[PDB]
Amino acid sequence: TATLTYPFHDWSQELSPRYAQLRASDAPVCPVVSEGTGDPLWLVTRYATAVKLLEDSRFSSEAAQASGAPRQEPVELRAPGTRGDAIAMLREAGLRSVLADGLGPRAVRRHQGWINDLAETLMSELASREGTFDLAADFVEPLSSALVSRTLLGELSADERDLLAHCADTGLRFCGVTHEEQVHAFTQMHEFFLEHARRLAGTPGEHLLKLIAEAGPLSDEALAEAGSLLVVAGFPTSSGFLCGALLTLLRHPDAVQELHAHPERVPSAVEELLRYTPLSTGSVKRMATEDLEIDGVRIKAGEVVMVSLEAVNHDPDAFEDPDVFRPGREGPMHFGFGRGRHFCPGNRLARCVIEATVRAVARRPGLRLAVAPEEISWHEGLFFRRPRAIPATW
Ligand code: HEM
Ligand SMILES: CC(C)[C@@H]1NC(=O)[C@H](Cc2c[nH]c3ccccc23)NC1=O
Ligand SMILES: CC(C)[C@@H]1NC(=O)[C@H](Cc2c[nH]c3ccccc23)NC1=O
């Protein structure tokens with residue numbers, strides 16, 4: 001119909017041209033319809049409007065997560081007949097800040113050493129390789145697997161890691177699998193944690209699931225909900241983003257040569273990667289809890305307004321030459337971690353692993369993509385973009 005269906009099927013790093021067109025339209029908020037549900041939605045693509053949306057106390061993230069809310073995802077991101085309200089259930093137990101606490105600056109100071117050791121071990125192994133090697137399978141996968149075990153869930157076996165990763169990939173999708181396969185992915189996840197979360201939380205370590213369990217005691221359902229939250233929020237984001245960041249670096253050898261010569265510039269390159277490299281193929285979303293206007297557009301209570309972080313991060317009103325990867329950039333704050341109350345509580349740990357990845361690349365001149373960027377294959381339909389492989393050579 002004449003109402004755009006959402007999302008825009010831009011599964012590779014090439015952002016859908018529709019975002020820029022909506023950004024330059026006369027409307028600061030554009031009505032769309034969810035392809036997966038037919039629900040009406042509003043879409044924001046301008047930085048200035050997105051700031052207003054994500055800092056407005058009348059827009060509720062949790063209300064947009066509730067069952068029956070208009071939504072972009074085809075299947076609800078909860079197990080059948082469960083609350084799907086992990087952050088609120090943690091706060092109910094009196095754990096208001098455990099996620100930020102276990103992922104903040106002190107946690108980076110605990111984990112940054114081994115994270116950098118491992119990035120270096122993995123890249124040193126690749127430096128010994130002949131011919132073409134795969135940066136997704138042989139760098140991103142082992143690094144993100146270690147991140148998950150050591151910081152989020154506890155020591156997982158290869159089979160457990162494989163199962164949770166498959167559940168995330170299958171459930172967090174707009175298309176490419178059946179409805180039944182999507183629901184089953186969340187089931188295997190929830191039933192996995194109902195059985196194993198107590199065991200995982202009880203093993204020695206600093207992992208977040210232990211911190212949650214060991215801080216009326218927490219029920220197995222709340223602890224299982226916490227496990228599924230950590231998988232959904234932590235696994236496909238880290239693997240998708242690290243893959244995409246590697247692609248960005250390989251496509252910008254001049255920038256990498258600068259980082260090789262001036263390693264103190266790496267933190268700024270991390271921030272530019274967070275702005276430039278696209279991640280989600282949908283939008284962050286909030287529900288209006290009362291009638292309001294945003295930039296003149298009237299929104300009724302109950303309606304859901306979305307912001308594409310990719311669109312905002314590429315807004316020329318905010319970032320001059322927004323489609324240029326410019327590590328020296330000194331523009332406004334990027335939206336890669338969101339904005340306001342729900343700003344990514346994993347942001348410091350994520351920055352730590354991105355930095356370690358950038359340094360591992362910058363230290364080794366000659367690394368290059370083995371084929372043209374347009375020949376990279378992409379997992380079609382994931383919420384969190386990820387290439388199937390990153391073939392590279394020296
Ligand atoms: C490069 C990696 C990552 C990126 C780009 C990223 C990005 C984001 C963004 C944009 C949001 C805001 C969503 C919204 O406003 O609705 C968010 C929220 C969140 N992130 Fe991250 N994230 C990353 C890694 C992680 C990791 C490793 C964890 C560990 C569990 C994590 C945990 C969370 C949680 C729990 C939330 C929900 C906060 C809330 O809704 O209040 N993230 N993330
Ligand atoms: C299920 C939780 C993640 C929960 N559900 C949400 O919709 C929001 C936003 C969010 C952050 N990271 C995600 C990854 C996949 C899908 C959604 C999200 N925050 C939550 O804590
Ligand atoms: C149904 C999907 C759109 C799903 N629903 C969400 O609420 C989050 C929001 C989000 C946008 N960018 C991100 C980056 C990292 C973590 C979360 C997000 N993303 C999704 O893909």
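Heads up, the Cβs are rebuilt from the backbone with ideal geometry, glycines too, and the neighbour counts pull from every protein chain shown. A short reminder: the numbers here are calculations on the coordinates, not readings from a lab.
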Tell me the label-point distance for the pair residue 214, residue 295, using the 7 Å Cα-to-Cβ offset, in nm and rounded to one decimal. 4.7
Rounded to 0.05, the calculated FRET efficiency for the beta carbons of residue 5 and residue 371 at R₀ = 25 Å is 0.20
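Order 224-235, 188-199 from most to least packed using the mean count of other Cβ atoms within 10 Å. Please report the intermediate quantities before stating the final value.
Numbers: 224-235: 23.8, 188-199: 17.7.
Highest-to-lowest ranking by the protection proxy: 224-235, 188-199.
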In deg cm²/dmol, rounded to 500, what helix-only [θ] at 222 nm does the chain give when every DSSP H run of at least 4 residues adds -39500 (n - 2.57) and the total is split over its residues? -14000 deg cm²/dmol
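Give me the net charge of residue 165's neighbourhood, meaning all other residues with Cβ under 13 Å from the Cβ of residue 165; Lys, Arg count +1, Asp, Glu -1. Don't skip to the end; give the middle numbers.
Details: positive: 161, 386; negative: 141, 159, 160, 162, 169.
Once all neighbours under 13 Å are counted, the net charge is -3.
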Going from the alpha-carbon gyration tensor of the chain, what semi-axes, largest first and in whole Å, does one get by taking the root of 5 times each eigenvalue? 31, 28, 20
Pick out, in residue order, every one of the trypsin sites (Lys or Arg not before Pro) in the range 110-171 that is DSSP loop and has at most 14 other C-beta atoms within 10 Å; say none if there are none. 129
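Going by how many other Cβ atoms sit within 10 Å of their own, how do 167, 175 line up, fewest first?
Values: 167 23, 175 14.
Fewest to most other Cβ atoms nearby, the residues stand as 175, 167.
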Distance from the Cα centre of the range 336-358 to that of the range 270-318, in angstrom? 18
With +1 on the Cβ of every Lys and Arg and -1 on the Cβ of every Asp and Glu, and nothing else charged, how large is the dipole of the range 5-393 about its Cα centre, in debye rounded to the nearest 20? 820
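With a Förster radius of 30 Å, plug the Cβ-Cβ distance of residue 162 and residue 341 into 1/(1 + (r/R0)^6) and report the FRET value to the nearest 0.05.
Using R0 = 30 Å, I get an efficiency of 0.30.
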How many angstrom separate the Cα center of the range 53-127 from the Cα center of the range 182-257? 8
